[PDB]
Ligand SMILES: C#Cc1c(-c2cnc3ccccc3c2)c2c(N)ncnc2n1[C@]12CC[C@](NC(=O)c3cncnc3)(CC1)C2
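Single chain ahead, written as structure tokens, the form deposited without the named molecule.
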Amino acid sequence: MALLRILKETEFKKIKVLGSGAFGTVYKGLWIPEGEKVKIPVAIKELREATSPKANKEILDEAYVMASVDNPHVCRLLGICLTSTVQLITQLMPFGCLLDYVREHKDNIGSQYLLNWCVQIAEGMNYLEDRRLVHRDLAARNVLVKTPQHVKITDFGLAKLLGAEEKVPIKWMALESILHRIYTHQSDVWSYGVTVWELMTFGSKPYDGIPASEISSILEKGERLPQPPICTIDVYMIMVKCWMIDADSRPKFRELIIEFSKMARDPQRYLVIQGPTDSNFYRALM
């Protein structure tokens, strides 16, 4: 793990589209590092024209930071490539996002795999906080699976690399972020909060049915995501505290890490469930 590697528009190969989003489309590809006769499997994301347009020197900077994230639970930017469009290169993640994944195994996932992912995700965010970096878009759909036992937060820096100039994940945003577009490690803890809920409810859509536009209000009124079925009061409670109105009263990642680590140490005492290696995303990468 080192700094940012700049590629030439002929050092990688787009093999096949895996799926386009709103920030751009992604392909399965190979990396032919000029020099060595080695070819490593990556993932190429070709962003779309940005409204604001940050010159090739600034874009180039944010990319370094994204390239400097060194932690087992936070995808790092391997290589960038500027041409008439920008393309980001990163190590490909076999199983896809942790969201589709938990939905696709709602009866195969045990108390231990959840608690663990919780701890790992905390771990990662705690790192991003140590480096005075705010994610702004944590969410189960942004946690990729390397293996059912190792997950990592992704997309760090991609959002802000285009939409911090003046859509929005309202249901993952903390009150302040919604009302004033305020983002901090404490606002992330809010999101962490939802992310844990998505997991505990095997991929249920949060505030499902309620329009986004209505969220700020119900939120101010004292409304929160419900206690998931499999959650004892102990677990839910922590999910709730990440949704306090006063950011400063929300648990700190280092605290979270410690909590879930403890529970992970007696899973069946905090999560009650009745009682994998696959995902249709994996079927597309084979």
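The first residue of the sequence shown is number 1, and the count goes up from there.
Beyond the structure shown, there is the form deposited with the named molecule bound, which is absent from this document and is the topic of what follows.
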property: Listed range touching the named molecule, judged in the deposited bound form by heavy atoms within 4.5 Å, from 215 to 223, 58 to 66, 241 to 249, 255 to 263; result: 58 to 66
property: One residue of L88, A174, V119, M200 in contact with the named molecule, assessed in the deposited bound form (non-hydrogen atom, 4.5 angstroms); result: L88
property: Residue contact check: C231 to the named molecule in the deposited bound form, 4.5 Å heavy atom; result: no
property: Partner contact for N126 in the deposited bound form: the named molecule, 4.5 angstroms, heavy atom; result: no
property: is_contact(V189, the named molecule) in the deposited bound form, heavy atom dist at most 4.5 Å; result: no
property: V235: touches the named molecule in the deposited bound form, heavy atom cutoff 4.5 angstroms; result: no
property: Heavy atom within 4.5 Å of the named molecule in the deposited bound form - qualifying residues of 32 to 61; result: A43, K45
